[PDB]
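Protein chains in written order, with PDB author numbering: chain A, 1 to 150; chain C, 1 to 150; chain D, 1 to 150; chain B, 1 to 150. Backbone N, C-alpha and C define an ideal beta-carbon position, used for all residues, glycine too.
Number of protein chains: 4
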Amino acid sequence: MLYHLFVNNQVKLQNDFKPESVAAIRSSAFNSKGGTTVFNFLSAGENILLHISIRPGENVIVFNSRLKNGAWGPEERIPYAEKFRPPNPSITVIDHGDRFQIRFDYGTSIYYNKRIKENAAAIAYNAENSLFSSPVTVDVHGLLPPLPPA
Amino acid sequence: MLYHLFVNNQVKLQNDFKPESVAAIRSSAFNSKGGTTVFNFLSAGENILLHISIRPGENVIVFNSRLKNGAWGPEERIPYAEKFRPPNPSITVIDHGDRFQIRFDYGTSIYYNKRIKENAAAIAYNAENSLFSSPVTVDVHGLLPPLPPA
Amino acid sequence: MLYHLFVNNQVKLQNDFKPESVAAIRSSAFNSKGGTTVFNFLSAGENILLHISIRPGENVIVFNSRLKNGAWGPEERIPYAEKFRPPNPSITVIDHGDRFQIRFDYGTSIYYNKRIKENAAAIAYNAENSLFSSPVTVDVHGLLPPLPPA
Amino acid sequence: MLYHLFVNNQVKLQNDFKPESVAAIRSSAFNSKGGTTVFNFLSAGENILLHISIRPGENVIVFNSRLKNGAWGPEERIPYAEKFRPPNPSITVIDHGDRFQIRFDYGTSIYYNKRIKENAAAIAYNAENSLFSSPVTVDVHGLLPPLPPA
Ligand SMILES: CC(=O)N[C@@H]1[C@@H](O[C@@H]2O[C@H](CO)[C@H](O)[C@H](O)[C@H]2O)[C@@H](O)[C@H](CO)O[C@H]1O
Ligand SMILES: CC(=O)N[C@@H]1[C@@H](O[C@@H]2O[C@H](CO)[C@H](O)[C@H](O)[C@H]2O)[C@@H](O)[C@H](CO)O[C@H]1O
Ligand SMILES: CC(=O)N[C@@H]1[C@@H](O[C@@H]2O[C@H](CO)[C@H](O)[C@H](O)[C@H]2O)[C@@H](O)[C@H](CO)O[C@H]1O
Ligand SMILES: CC(=O)N[C@@H]1[C@@H](O[C@@H]2O[C@H](CO)[C@H](O)[C@H](O)[C@H]2O)[C@@H](O)[C@H](CO)O[C@H]1O
C-alpha cells in the first residue's frame with residue numbers, strides 16, 4: 001500500500017502496522033538546512049508507539065515512546081552523521097513482534113524494543129523545517145515481499 | 001531517482017529520460033470519477049515527446065506527440081476500461097530507443113514509435129479533476145532494476 | 001516461475017513465453033576463458049524462435065532463428081566484449097509482441113524482430129564449455145513485475 | 001551475490017554472513033516424497049551456527065547448533081505444515097545480530113537466537129533425497145535491498 005505522507009499531517013493505515021509489517025519511507029529531496037524532523041507510529045488511541053526525532057543541528061537521532069498525553073520515557077539515541085543518503089534518503093521500519101527494526105541508508109539497523117502494546121493505525125510526520133520532502137513516499141507491506149537480486 | 005510530481009505541475013529530471021530509462025508512476029488513491037488525466041514527457045525545448053491522455057469519459061487512452069510549435073500527430077488509441085488497479089493504480093513508461101512502451105496495471109503494454117528524436121528533460125502531470133493523487137510517486141531509472149522473484 | 005536450466009539441457013515452461021513475458025537469466029559465475037554459449041527459445045513444434053549464440057572467441061553475439069528442420073536465417077550480431085558483468089552475468093529476454101528485447105549487463109540492449117509466429121514452450125542452453133554456470137537461474141514472469149526503488 | 005548450492009555440498013561465501021546479511025534461498029521444484037532436507041550455515045571453523053532440518057515425515061522443522069567436533073544441543077522445533085509454497089518454495093534467513101530471522105513462504109517469521117558467536121563463511125545443503133531442487137538458488141545480501149512497491 002502506497003501513501004503520500006505530508007509534513008505536519010498524517011496518513012491512516014488501511015491496515016494495522018503489526019508483526020511482519022514493513023514500512024518503507026522515502027524522500028525525494030533532503031534539505032541540508034533543515035532541522036528536527038519527526039515520524040510517529042500511532043496507535044488507534046493516538047499513543048506514540050514509535051517516535052523518531054531526527055535532529056541534524058545536534059548530530060543525534062532520538063527514539064522514544066509515550067502515551068498521547070503522557071511524558072517521554074528514556075531516550076534511545078544514536079549519531080545522526082552518515083545515516084542518510086542524499087538526494088533520496090529513506091527510513092525503513094519493520095515490526096518484529098517484540099521490537100522494531102529501523103534502517104536508514106547507511107550503518108547497521110537500530111533495534112527498538114516495543115514499550116507500548118498496540119499496533120500502529122497511522123503514521124505522522126512533523127517538521128517546521130523538514131529535512132525531507134513533503135510529502136514523502138510511503139509503502140507499507142503486510143509481510144516482507146520477495147526480494148530482488150540487488 | 002525519486003520525484004514527487006504534483007498535478008498541473010512538473011519535475012525536472014536529474015538526467016535525461018533516454019534509451020533504457022524507466023519511469024514508474026504510482027498513485028496513492030485512484031478516484032473512480034475523475035476526468036481527463038494527462039502525463040507529458042517533455043524535451044528540453046518543451047517538445048511533447050510522449051503525451052498520455054487518459055480519458056475515462058471517452059473510455060479511451062490516447063497517445064501522441066507534438067513539437068511545442070507544431071501540431072499533434074495521429075492518435076494511438078486503446079480502451080480505458082480495466083486498465084488501472086485501485087486504490088494504487090500505476091503507469092510504467094520505458095524508452096526502447098525507437099519507441100516508448102507504456103504499461104498500466106492490467107492488459108497488454110502499449111508501444112508508441114517516437115516521432116521526435118530527443119530525450120525527455122521533464123515530466124508533466126495535468127488534470128482539472130484527476131483520476132490519481134497529487135502528487136504521484138515517480139521513480140526514474142537509468143535502466144531496468146534488479147527484478148524480484150515475484 | 002523459477003527454473004534451473006542446466007548446460008546442454010532445456011526446461012519446459014509451465015506457461016508459454018509470449019508477449020509481456022520476462023525471462024531473467026542469471027549465472028553464479030563468469031568463466032571468462034569459456035567458449036561459445038547458446039540459449040534457445042523453442043516453440044511446441046520445436047522451432048527455434050530465438051537463438052542467442054555468445055562467442056567469446058569470435059568476439060560477437062549472434063541472434064538468429066530457424067525451423068525444426070531448417071537451415072539458419074541471416075544473422076544479426078553485436079560485439080561481445082564486456083557485455084557481461086562478473087561474478088554474476090545476466091541475460092534478460094522480454095517479449096514485446098513483434099520483437100524480443102535482449103538485455104545483457106552492459107551497453108544499450110538489443111532488439112530482435114520476430115521471424116516465427118509462435119510462443120516458446122521451452123528454453124534451451126548449450127555449450128561445450130559454458131561462459132556461465134550450470135545451471136543458470138531463470139525467473140520467468142507473465143509480465144514485468146513491480147520495480148523496486150532501485 | 002548469487003550462488004547455486006548443490007545438495008550434499010556447500011558454497012563458500014565471498015563475504016562473511018554477518019549482522020544485516022540476508023540469504024534468499026529458492027528451489028525450482030518441490031519433491032513431495034523427499035526425505036529430511038538440511039541447510040547449514042557454517043563458521044570458518046566449520047561449526048554449525050545455524051542448522052535447519054526439514055522433516056516432512058515427522059511434520060517438523062528442527063533448528064539447532066553444534067560445534068564441528070560436537071553433539072547436538074536442545075532442539076527448537078516448529079510444525080512442518082503451512083510453510084512452503086510449491087513449486088518454488090523458499091527460505092529467507094536474516095542476521096539480526098543477536099538472532100536469525102527465518103521466513104518460509106507461509107506464516108509468521110521464526111526467530112532462532114544465536115548460540116555460537118561466529119559469522120558464517122559457508123552454507124551447506126544436505127539430504128539423501130531432497131525435498132528441494134539441486135542446486136537451489138541462493139541470493140546473499142550484505143544488507144536488505146530496495147523493496148518493490150509490491
Ligand atoms: C534539549 C531540549 O531542548 N529538549 C529535550 C527534550 O526533547 C524532546 O524529546 C522528545 C522525545 O524524547 C521529542 O523528540 C520532543 O520533540 C523533544 O523536544 C527531551 O529530551 C527532554 C524532556 O522531554 O528535555 C530535553 O532533554
Ligand atoms: C474534441 C476536442 O476538443 N479536441 C479533439 C482532439 O483532442 C486533443 O487531442 C490531443 C492529442 O491528440 C490532446 O490530448 C489535446 O489535449 C486534446 O484537446 C483530438 O482528440 C481529436 C482528433 O482529431 O480532434 C478533436 O476533436
Ligand atoms: C564460425 C563457424 O564455425 N560457423 C559460422 C556460422 O555459425 C553458425 O551460426 C548459426 C546461427 O547463425 C548457429 O549459431 C550455429 O551453431 C553456428 O555454427 C555462422 O555464424 C557464420 C555465418 O556468418 O558462418 C560460419 O563462419
Ligand atoms: C537419528 C536420526 O537418524 N534421525 C533423527 C535425528 O537426526 C539428527 O538430528 C540432529 C539434531 O538437530 C541434526 O538434525 C542431525 O543432522 C540429524 O541427523 C534427531 O533429529 C532425532 C532426535 O533429536 O532422532 C531422529 O529422529
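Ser-53(C): first and last residue of the uninterrupted beta strand (DSSP E) it sits in
By 1-based counting over the second sequence, the position of residue 53(C) is 53. Run containing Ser-53(C): 48 to 55, per the beta strand (DSSP E) assignment.
Out of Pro-135(B), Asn-31(B), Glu-58(B), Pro-74(B), state which residue places its alpha-carbon closest to the alpha-carbon of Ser-65(B).
Residue 65(B) sits at position 65 when you count from the first residue of the fourth sequence. Measuring from the Cα of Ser-65(B), the nearest candidate turns out to be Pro-74(B).
Pairwise C-alpha distance: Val-11(C) and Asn-40(C):
Sequence index remark: in the second sequence, residue 40(C) carries index 40 (1-based). Sequence index remark: in the second sequence, residue 11(C) carries index 11 (1-based). Whole-angstrom Cα-Cα distance: 11 Å.
Output yes or no for whether 8 Å exceeds the beta carbon distance between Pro-87(A) and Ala-29(A).
Translated into positions along the first sequence, residue 87(A) becomes position 87. Translated into positions along the first sequence, residue 29(A) becomes position 29. Contact: yes.
So, is the C-beta of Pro-145(A) closer than 8 Å to a C-beta in chain B?
What you label residue 145(A) is simply residue 145 of the first sequence in a count that begins at 1. Yes, contact with chain B.
Among the candidates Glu-118(D), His-4(D), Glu-128(D), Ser-27(D), whose CA atom is the shortest distance from the CA of residue 151(D)?
What is shown of chain D runs 1 to 150, which leaves residue 151(D) out entirely.
So what does DSSP say about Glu-76(D), is it helix, strand or coil?
Looking up residue 76(D) in the third sequence gives position 76. Correct three-state label for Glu-76(D): strand.
Counting only beta-carbon separations shorter than 8 Å, does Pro-87(C) have a partner in chain B?
Numbered from 1 along the second sequence, position 87 holds the residue referred to as residue 87(C). So no, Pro-87(C) is outside the interface.
Any chance the CB of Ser-28(B) is under 7 Å from a heavy atom of ligand 1?
Locating residue 28(B) in the fourth sequence gives position 28, where the first residue counts as 1. Answer for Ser-28(B): no, Cβ out of range of ligand 1.
Among residues of its own chain, excluding the 5 on either side of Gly-142(B), which ones have a beta-carbon nearer than 7 Å to its beta-carbon?
For the purposes of this step, residue 142(B) is taken as residue 142 along the fourth sequence, with counting starting at 1. Excluding positions up to five away in sequence, the list reads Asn-15, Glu-20, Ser-21.
From which residue to which residue does the beta strand (DSSP E) around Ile-61(A) run?
Stepping through the first sequence from its first residue, residue 61(A) is reached at position 61. Taken as a continuous stretch (DSSP letters only), the beta strand (DSSP E) holding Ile-61(A) covers 60 to 66.
Measure the C-alpha to C-alpha separation of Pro-148(C) and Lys-114(D) and round it to an integer number of angstroms.
For this step, residue 148(C) is matched to residue 148 along the second sequence. For this step, residue 114(D) is matched to residue 114 along the third sequence. Cα to Cα, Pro-148(C) sits roughly 27 Å from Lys-114(D).
In the stretch 124 to 137 of chain D, which residues sit with their C-beta less than 9 Å from some C-beta in chain B, listed in chain order?
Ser-133, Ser-134, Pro-135, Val-136, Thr-137
Could you say which of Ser-27(C), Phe-6(C), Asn-8(C) lies nearest to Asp-105(C) if we only look at CA atoms?
Start at 1 with the first residue of the second sequence, and residue 105(C) comes out as number 105. For the residues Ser-27(C), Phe-6(C), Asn-8(C), the minimum Cα distance to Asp-105(C) belongs to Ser-27(C).
Proximal residues of chain D, C-beta to C-beta of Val-22(C) below 9 Å
Within the second sequence, numbered from 1, the residue matching residue 22(C) stands at position 22. Result: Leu-147.
Whole-angstrom Cβ separation of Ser-130(A) and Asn-31(A), contact assumed at under 8 Å?
Residue mapping note: residue 130(A) aligns to position 130 of the first sequence, counting from 1. Residue mapping note: residue 31(A) aligns to position 31 of the first sequence, counting from 1. 7 Å between Cβ atoms; contact.
If I follow the unbroken beta strand (DSSP E) through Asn-113(B), where does it start and stop?
If you number the fourth sequence from 1, residue 113(B) lands on position 113. Unbroken beta strand (DSSP E) run through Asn-113(B): 110 to 113.
State yes or no: is the C-beta of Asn-126(B) within less than 8 Å of the C-beta of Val-38(B)?
In the fourth sequence, the residue the question calls residue 126(B) occupies position 126. In the fourth sequence, the residue the question calls residue 38(B) occupies position 38. In this structure, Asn-126(B) places its C-beta atom within 8 Å of the C-beta atom of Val-38(B).
Got a sec? Which residues, its chain only, sit under 8 Å from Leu-144(A) by beta carbon, not counting five neighbours each side?
If you number the first sequence from 1, residue 144(A) lands on position 144. These residues qualify, in order along the chain: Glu-20, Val-22, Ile-94.
Counting only C-beta atoms, is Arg-77(A) closer than 8 Å to chain C at any point?
Indexing the first sequence from 1 puts residue 77(A) at position 77. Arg-77(A) does not count as touching chain C.
According to DSSP, is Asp-95(A) helix, strand or coil?
Stepping through the first sequence from its first residue, residue 95(A) is reached at position 95. DSSP places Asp-95(A) in strand when its eight states are reduced to three.
Mind checking if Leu-67(A) is an interface residue toward chain C, Cβ cutoff 8 Å exclusive?
In the first sequence, residue 67(A) corresponds to position 67, counting from 1. False, the Cβ-Cβ gap to chain C never drops below 8 Å.
For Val-7(C), which three-state DSSP category applies?
On the second sequence, position 7 is the one that residue 7(C) refers to. In the structure shown, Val-7(C) sits in coil (DSSP, three-state: anything other than H, G, I, E or B).
Figure out for me which residue from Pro-79(C), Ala-120(C), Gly-70(C), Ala-121(C) has the closest Cα to the Cα of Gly-57(C).
Taking the second sequence and counting its residues from 1, one reaches residue 57(C) at position 57. The candidate whose alpha carbon is nearest that of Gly-57(C) is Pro-79(C).
So, for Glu-82(C): in the same chain, excluding its five sequence neighbours on each side, which residues have a beta-carbon less than 8 Å away from its beta-carbon?
Residue mapping note: residue 82(C) aligns to position 82 of the second sequence, counting from 1. Here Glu-82(C) has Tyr-106, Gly-107 as same chain residues with Cβ atoms under 8 Å from its own Cβ, once five neighbours each way along the sequence are excluded.
When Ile-116(A), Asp-139(A), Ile-25(A) are compared against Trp-72(A), the one with the closest alpha-carbon:
The residue you call residue 72(A) lines up with position 72 of the first sequence. Comparing Cα positions, the closest option is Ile-116(A).
Ordered along the chain, which non-local residues of its own chain (more than five positions away) have a Cβ less than 7 Å from that of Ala-122(C)?
For the purposes of this step, residue 122(C) is taken as residue 122 along the second sequence, with counting starting at 1. Hits under 7 Å: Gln-10, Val-11, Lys-12, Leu-13, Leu-42.
So with Cβ pairs under 8 Å, would you call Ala-150(D) a contact of chain C?
On the third sequence, residue 150(D) is found 150 positions in, with the first residue counted as 1. Yes, contact with chain C.
Using DSSP with H/G/I as helix, E/B as strand and the rest coil, what is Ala-44(C)?
Position 44 of the second sequence, counting from 1, holds the residue named residue 44(C). In the structure shown, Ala-44(C) sits in coil (DSSP, three-state: anything other than H, G, I, E or B).
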